[PDB]
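Working through the structure, step by step
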Amino acid sequence: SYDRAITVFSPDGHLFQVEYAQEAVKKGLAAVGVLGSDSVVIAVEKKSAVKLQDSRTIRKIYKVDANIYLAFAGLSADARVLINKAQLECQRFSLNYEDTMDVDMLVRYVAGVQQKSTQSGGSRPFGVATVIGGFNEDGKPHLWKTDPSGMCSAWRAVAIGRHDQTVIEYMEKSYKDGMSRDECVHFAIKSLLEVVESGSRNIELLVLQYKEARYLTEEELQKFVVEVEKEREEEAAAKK
Amino acid sequence: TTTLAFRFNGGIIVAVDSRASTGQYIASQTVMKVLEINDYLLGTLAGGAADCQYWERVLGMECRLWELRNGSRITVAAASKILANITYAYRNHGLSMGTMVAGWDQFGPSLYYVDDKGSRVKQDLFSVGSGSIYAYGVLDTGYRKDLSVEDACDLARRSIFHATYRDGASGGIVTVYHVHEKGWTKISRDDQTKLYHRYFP
Amino acid sequence: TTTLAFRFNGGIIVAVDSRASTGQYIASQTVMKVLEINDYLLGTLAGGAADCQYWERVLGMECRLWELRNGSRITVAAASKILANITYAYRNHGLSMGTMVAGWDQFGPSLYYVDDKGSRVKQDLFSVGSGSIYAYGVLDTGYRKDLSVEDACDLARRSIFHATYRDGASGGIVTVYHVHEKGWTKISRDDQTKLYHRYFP
Amino acid sequence: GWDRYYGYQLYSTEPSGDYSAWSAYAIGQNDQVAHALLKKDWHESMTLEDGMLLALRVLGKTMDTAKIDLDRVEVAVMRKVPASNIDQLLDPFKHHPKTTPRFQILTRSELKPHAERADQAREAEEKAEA
Amino acid sequence: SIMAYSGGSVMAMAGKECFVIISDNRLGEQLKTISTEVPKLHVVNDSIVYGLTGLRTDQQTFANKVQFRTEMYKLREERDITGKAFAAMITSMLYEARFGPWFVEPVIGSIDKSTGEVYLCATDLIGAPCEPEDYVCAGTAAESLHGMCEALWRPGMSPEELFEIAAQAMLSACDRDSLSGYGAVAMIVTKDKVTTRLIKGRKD
Amino acid sequence: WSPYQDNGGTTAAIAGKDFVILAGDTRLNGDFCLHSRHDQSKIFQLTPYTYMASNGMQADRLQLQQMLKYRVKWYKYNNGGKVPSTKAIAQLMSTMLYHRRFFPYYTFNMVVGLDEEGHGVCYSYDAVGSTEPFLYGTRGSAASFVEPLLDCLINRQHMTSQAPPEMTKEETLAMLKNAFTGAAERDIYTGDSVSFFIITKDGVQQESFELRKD
Amino acid sequence: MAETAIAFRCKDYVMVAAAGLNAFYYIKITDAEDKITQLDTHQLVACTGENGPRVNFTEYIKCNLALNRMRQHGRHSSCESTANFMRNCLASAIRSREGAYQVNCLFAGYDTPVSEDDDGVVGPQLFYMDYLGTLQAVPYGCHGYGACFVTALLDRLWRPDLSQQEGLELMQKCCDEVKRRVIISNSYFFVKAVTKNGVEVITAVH
Amino acid sequence: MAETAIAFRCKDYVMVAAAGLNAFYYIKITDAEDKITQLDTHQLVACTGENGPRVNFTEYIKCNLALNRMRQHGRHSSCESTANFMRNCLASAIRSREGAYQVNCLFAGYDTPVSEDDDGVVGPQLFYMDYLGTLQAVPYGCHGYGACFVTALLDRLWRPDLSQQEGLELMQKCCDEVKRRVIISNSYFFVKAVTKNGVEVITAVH
Ligand SMILES: Cc1nc(C)c(C(=O)Nc2ccc(F)c(-c3nc4ncc(-c5ncccc5C)cn4n3)c2)o1
Ligand SMILES: Cc1nc(C)c(C(=O)Nc2ccc(F)c(-c3nc4ncc(-c5ncccc5C)cn4n3)c2)o1
Ligand SMILES: *[B]([O])([O])[C]([C][C]([C])[C])[N]C(=O)[C]([C]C1=[C][C]=[C][C]=[C]1)[N]C(=O)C1=[C]N=[C][C]=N1
Ligand SMILES: *[B]([O])([O])[C]([C][C]([C])[C])[N]C(=O)[C]([C]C1=[C][C]=[C][C]=[C]1)[N]C(=O)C1=[C]N=[C][C]=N1
């Protein structure tokens, strides 16, 4: 079949098809996740309030395991194919090992698929970056991040999508270690509206607890945005 | 072969004989019928001598590769499921092996049992082999959950002996292990003929 | 063939089907499954049709010759022992017959059962044939020793029916007898299809 | 199409593998124009006759044609009709639903009563223009 | 044998401008009744009705592949399948698996909606085509049905009097077969209507 | 036609404190005839410290000796010239007998060598590779003559007497001649001449011995 | 076949019962092993057979129902869609390399409306199956040696309008007949029930 | 083999126990059938096997002991003379036309001095037998499927100086092990005993 080498090296030791796949993520929608003491929250951008979108509310953060959920940034068609490989891997794991899959195991599989598309004939890399959060069987909250080069790394507060470096350098000087549940949802809002416009119908946040995952609805999200919007006015008043 | 093992308040005790007979001829008398998989698991042997020593060496390779990739120990619920998926895949190939896995994972004890046909069962009390039918009647009479460490070692060593005495395919040197929370220790290792003049002097 | 008979306070009730099939083809539908031996004995037939009708005609000849020589009636304990010594003598000759004898001798009733291999058992409750396994579960649920004469006739007619409905080798016309102290009387004789619109209208 | 999981659905399909659910959508020439015209009037509690009259009226807007022609317009509706091929006698333990969904395509005798309601609704919004 | 494992007999007769088809209601495992209310007939349109006998695992698997192929025929070709095209279609299906063969014996009855000609077809398990103009029959009581159908048939029958012959032929043959019985479900069908009748039988 | 055939002969080995004595008679025979009297193809050298000594079928013996011969050579090439030990060879033997489990060899094997410590250990195998380290071993047609004999004079069991000192190379060799002169008397498929191999750390010396010709 | 499964459906519940015996040719390994696998929150299957194919068939069915709820956003499929997926795995295995599954099973479930547009089945569902791939919806189904003892018992006493307690004392008669005539020692029977509120493990009848 | 016989002898008694199960390939015909035939006033035999040859062998043995007491003026023969007469009927039947008896039996008895000149055995007698014609005097013998469960139980707990009550609670352990591991439902065991005063039917252990 067609297996010509696409991902090749530059004369400066760079991979052009990987550096150009990262540029497709930097135009994707921003997704921010932070790590607390008993909960994991991840918030995505949820392109717009189109008024033409279905009244059936469409989730952006996809379910992969019973406790491990995933949010991405990049091409939304490439990410669907990547997750149905990972949703097929969880049922391969609890058919050969009788166990619930760890969070660090699923990220090593998805990063193994990202790297496998960077070293194949006829294949471009996946133009997606993922934020993966979930708990183990013994609590222990986790938060991970894969890039189109295939490098997995666990984070304490991670942001992907457009303006990647802008959020991460902001929330590394405002992060408090060991937050409660209400502090994580409040901290994921104030990092995500730094980049997205001030609209209230373009945040989709999710709170991960042990055997309990609760999506925030319309009116519950209104309670946390106003507490952030009144505080960023105080942050501007603190500068002047 | 008369391998047995039971689970009680204090861990798991594994007890075997050491005899391999190819019919009416005794091939050997010092066969290790417990392959220690690693320093917290055990595996036992019954049936074909090569079918057990091969696939529990394959099982000891899949448990070592688990610790390399995932950085942590393998459970026993994952360890037998590796051995049961291998065994069920070759169920029409005429294998003959009946193996117990016993170990201390992070959920306490667990004593499983794998056939040569893909079965896996979870109890606290087994006895496998051709002479195992002799080892049930002396063990079921004296088993209780809250035995002491010394009395359950005595009940295991005495329940092997009454089956080695009666079955032609069983005997040799009774080996008793003890699976506690830190791993396993070889408790005793003694001849069956020396053990006759202790129990009936 | 489904055939049962039970013993209770008031005598013995015998209940049969009337169907003879050669595999998947039904040969006949009016087969008398009960051969009355004389006016105080009964005998049923199951298995081979010719093996039963021959040797229970031989049994009816040895019971008649008993009364000629000894001047008195034969007991049921002697009548089955004639049939069991005949049956045990030809146990390697491939016979297929399972028969119950029932009667009122001078010691009350007795209900026996003879194999094609020489067995003879003494109980109060049997059900023989290929569809016997359906006739046990509806009978063992509703049997008790002190049934009335009408209710035990109803339990026997209803227990044959649920076996004829489920087994392919049973069916036809349910015949119910009653063995009291003066002999036997034919209680009823009714079609199985007519008996379906009585029990499930 | 209709399923028993979320009812009547409508999807798009992009030539990249991406799809999205919608309540009204446009593909082809002037799809950016026909989105805004459907956005101006779409509400939840809408009947099929109010939806088909919405469908023909926006179609005349993009191809700038008053008096919608029937030779140049193709329509098809996806609703549930009462089930007629129910056979309970050969399926004793199988349950048949009451009404079944039927994809159908309207003929010229079926679309002429609906095309003469879309120009009049265009004419009803024409006398109130100045 | 594997063919008489499940039990059940399906036959069909041809009339003037009509045909009948009739199956029993028994499902079993060689002696014991599993169900008493299970027909063997299948209807694909208002002209073709076919019945399967043989092994019940193959009676359901083959009828899923037929419904997979009949509904795909209606999507490709914008029309209902005809009787000569349907019978020659699943003749080819039983011949592709000739060495791994299905244990069904399909009894096809069909009619032309506009012309009014009946078409009967009963293949073997290996797909042997055979179109009699009088009657077809398969199942465990098939040897008993060739005596009942041939001694009672005539070519010029009304739909009301053809049902009376097919019903007395099924029941009298199932009173001699211990793998078929427990009533019968029939279906008379003309150019104008389809009438489905359930028939009293012995519950033995 | 049957693709399996027993070619007689026997092999026996007794391992000492820093040596192994390895023996096997030179006699090839078929259906009812006698093919040869001088077959040296019964004991094969793999490394200078470890031998294999197999018998049974002569045709599958020569095939197993060559596949064992080149897996040692791929070991020597991939490890920088390092010669494999007895424990490495005898686990290589135990796996390859199981890789052909469904069309197996009709051979019965012994891997004979020295330890890393210098002590000699013999292993034994069934047709599918059941291994065990042990101090002696006897395979072949006359195994049931010699293996009970080696139980009675090496283990020193059921004899109420003190233990003799350790056996030398000479007292082991004169003992093992008493078995092959005993198997040549009572086994019809065994004995024309037995060849003794003495594996020591300073190379190997090789001797021969004469048995009965009938 | 040494172990029996008994299941009957009524107006608002489905009873199941499966003897927890596991043996090695005459030696009782267990007496309490659960053989009624909870597939969904409203669906279960009572498989009989030896313990080799029985776990490996039920784990393949259960992990694929859960996968079809992952890919379809947690939408629970009907009981007929699960039962037709099961006999596809029996029928495709009798004509394969590895051989037929030697499992005999009774599928049970309750159909709830998943949305307001669902106008499907409301009542209970009970399906007889086989190792070959036979599928039959039946008022009551039975497997094992004691099946014929208790199928004709349910010919006598089963009614479509039985209550939760009247069917509970019927299942007690079903368990006491198998203890009376079958030579195989079935002493503990694991009675479960499927109702409109999910599955429930009945402690009383054993 | 489906039904077990357990017998052990002690200082002044011989216990026997035989499960009263009679079956038809899986269907329990009885649960209380006496399988321990009282041959003499001090002798009995516990035969196992199917019910065909079992009655016809015991009636041939019992009627010939009684005939040998008719012709010898009521003089009761020893237990070894009865046991050697039994295995003569097993050994001559494996080389005959009709075939071998498929009965496995345990002979038991007590030897009393019939006169003042008798200086023979005083103690109890217990003989293991087989269907071929093997005869062996043994401290305890067992047949059936559960024999190997209880022969190694009597390796553990049997003592030559057991009393009437200590051997009675040993036989209760012998009956509870067969109920625990054997798949065959043996629920009633018919314990009898042979002492110096004849035979006795023990009601307690069942
Ligand atoms: C949970 C549980 N409960 C029991 C009672 C068992 C059990 O027994 N499971 C089992 C499974 C597979 C096997 F393969 C074996 C097994 N063990 C053996 N030992 C010795 C010989 C033998 N040896 C020398 C000569 C001849 C023979 C026949 C044969 N076998 N076969 C035993 O499992
Ligand atoms: C005390 C007791 N408990 C039970 C359960 C029995 C019992 O069943 N005893 C018995 C003895 C001898 C027999 F010969 C039979 C017997 N009955 C039959 N009925 C029908 C067919 C048959 N018919 C048509 C086609 C094919 C077949 C195989 C065959 N047989 N064989 C039954 O006795
Ligand atoms: B135990 O007695 O089963 C024991 C098994 C242990 C070594 C894993 N050994 C044997 O008895 C087996 C018996 C056997 C079972 C099934 C098939 C063939 C044999 N013996 C051997 O496998 C054997 C034979 N020859 C040499 C070494 N081992
Ligand atoms: B019943 O089905 O057992 C019935 C009882 C008999 C007294 C009429 N027996 C038969 O139907 C037998 C079945 C059979 C059992 C065993 C071996 C062979 C057949 N059938 C016949 O004996 C028979 C044959 N031909 C005509 C009539 N009956």
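Residues numbered from 1 in each chain as written, not as in the entry; some residues may be left out. Chains lettered and ligands numbered in written order. Part of a larger assembly, values for the part shown. Heavy atoms only, no water.

Going by the header, the method for this PDB entry is cryo-EM, and the resolution given is 3.2 Å.

The next point concerns the pairing of strand β6 (residues 41-44) of chain C. Residue and element names in this part refer to chain C. Of the two faces of β6, the one carrying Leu41 and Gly43 and the one carrying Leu42 and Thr44 are both buried. Turn length for the strand β5 (residues 34-38)-β6 hairpin, with the two strands adjacent in sequence and antiparallel, is 2 residues. Examined bridge by bridge, β6 and strand β7 (residues 101-105) share 3 bridges and lie antiparallel to one another. Residue pairing in the sheet places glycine 43 in a bridge with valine 101 of β7. (Buried < 20%, exposed > 50% of the residue type's maximum accessible area, 1.4 Å probe, protein only. Helix = DSSP H or I, 4+ residues; strand = E, 2+ residues; numbered from the N terminus. Pairing = 2+ DSSP bridges.)

The next point concerns the site of ligand 4. Residue and element names in this part refer to chain C. Around ligand 4 there are 13 residues in total, and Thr1, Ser21, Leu45, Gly47 and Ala49 lie nearest to it. Here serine 21 contributes a backbone N or O atom positioned 3.1 Å from an oxygen atom of ligand 4. Contact between ligand 4 and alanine 49: an oxygen atom at 3.0 Å from a main-chain N or O atom of the residue. In isolation ligand 4 has 610 Å² of accessible area, and contact with the protein removes 63% of it. A per-class count over the shell around ligand 4 returns 6 nonpolar, 5 polar and 2 charged. (Near = heavy atom within 4 Å. Polar contact = N/O pair within 3.5 Å; in protein donor to acceptor, adjacent residues only side chain to side chain. Areas by Shrake-Rupley, 256 points an atom, 1.4 Å probe, with all protein chains shown as cover. Nonpolar A, V, L, I, M, F, W, Y, C, P; charged D, E, K, R; others polar.)

This part covers the interface of chain C and chain E. Tallying the contact residues gives 23 residues for chain C and 17 residues for chain E. Of the roughly 1700 Å² buried at the junction of chain C and chain E (both faces included), carbon and sulfur atoms supply 38%. The three residues of chain C that bury the most area against chain E are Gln24, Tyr165 and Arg166 of chain C, which together make up 35% of that side's buried surface. The interface formed by chain C and chain E contains 2 salt bridges. Between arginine 202 of chain E and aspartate 191 of chain C there is a salt bridge; the shortest N-O distance is 3.2 Å. Counting every contact that joins chain C to chain E gives 13 residue pairs in polar contact. By residue class, the composition of the side of chain C that touches chain E is 7 nonpolar, 12 polar and 4 charged. (Contact = heavy atoms within 4.5 Å. Buried area = accessible area lost by both parts, 1.4 Å probe. Salt bridge = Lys/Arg side-chain N within 4 Å of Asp/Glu carboxyl O.)

Across soluble globular proteins, nonpolar side chains show a tendency to be buried alongside one another. Ranked by internal contacts, the top residues of the largest apolar core, which has 119 residues, are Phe6 of chain B, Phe6 of chain C, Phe8 of chain G together with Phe8 of chain H. With sequence-adjacent residues up to four places away left out, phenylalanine 6 of chain B is seen in contact with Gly11, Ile12, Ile13, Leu111, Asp124, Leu125, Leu139, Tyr143, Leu147, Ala152 and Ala156 of chain B. (Core = buried A, V, L, I, M, F, W, Y, C linked by side-chain atoms within 4.5 Å.)

This next bit is on the sheet that holds strand β1 (residues 5-9) of chain H. Working definition: the strands of a sheet are paired by backbone hydrogen bonds and lie parallel or antiparallel to each other. Residue and element names in this part refer to chain H. Judged by pairing direction, the sheet is antiparallel, and its 5 strands sit side by side in the order β10-β1-β2-β11-β12 without closing on themselves. In the strand order of this sheet, the two ends are held by β10 (140-143) and β12 (198-201), each with one partner. If you compare each strand with its neighbour and ignore which way they point, the axes differ by 15° on average. For strand β11 (residues 192-195) and β12, the ladder comprises 4 bridges, and the chain directions are antiparallel. (Axes fitted to C-alpha atoms, helices over the stretch in contact; angles between N-to-C directions.)

What follows concerns the site of ligand 3. All names here are of chain B. Residues in contact with ligand 3 amount to 14 residues; listed here are only the nearest, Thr1, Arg19, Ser21, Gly47 and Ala49. At 2.5 Å, a side-chain N or O of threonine 1 approaches an oxygen atom of ligand 3. Here an oxygen atom of ligand 3 sits 3.4 Å away from a polar atom, N or O, in the main chain of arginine 19. Considering only residue class, the shell around ligand 3 consists of 6 nonpolar, 6 polar and 2 charged.

Inspection of the entire model under this criterion finds 71 salt bridges over all chains. For the salt bridge of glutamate 160 of chain E with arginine 197 of chain E, the shortest nitrogen-to-oxygen distance reads 3.4 Å. Of this pair, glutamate 160 of chain E sits in helix α4 (residues 159-174) while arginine 197 of chain E sits in strand β11 (residues 194-199), and the two are 37 residues apart along the sequence. We classify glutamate 160 of chain E as partly exposed; its relative accessible area is 45%. Linking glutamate 33 of chain G and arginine 54 of chain G is a salt bridge whose minimum nitrogen-to-oxygen distance equals 3.1 Å. One end of the pair, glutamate 33 of chain G, is in the loop between β4 (27-30) and β5 (36-38); the other, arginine 54 of chain G, is in helix α1 (residues 51-70), and 21 residues separate them in sequence. Per residue, the accessibility class of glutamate 33 of chain G equals that of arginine 54 of chain G, and both read buried. Beyond isolated ion pairs, a larger network of salt bridges with shared partners links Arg19 and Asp191 of chain C together with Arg202 and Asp204 of chain E.

Take the packing of helix α1 (residues 31-40) of chain D against helix α2 (residues 48-62) of chain D next. All names here are of chain D. For the pair α1 and α2, the least separation of the axes is 10 Å and the interaxial angle reads 140°. The pairing of α1 with α2 is recorded here as oblique in orientation. Two packed elements cross with a definite hand, and for α1 against α2 that hand is right-handed. Along the contact surface, α1 presents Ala34, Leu37 and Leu38, while α2 presents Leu54, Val58, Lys61 and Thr62. Here the residues of the contact of α1 with α2 are counted per class, giving 5 nonpolar, 1 polar and 1 charged. (Parallel < 35°, antiparallel > 145°, perpendicular 65-115°, else oblique. Left-handed = near helix turned anticlockwise from the far one by under 90°.)

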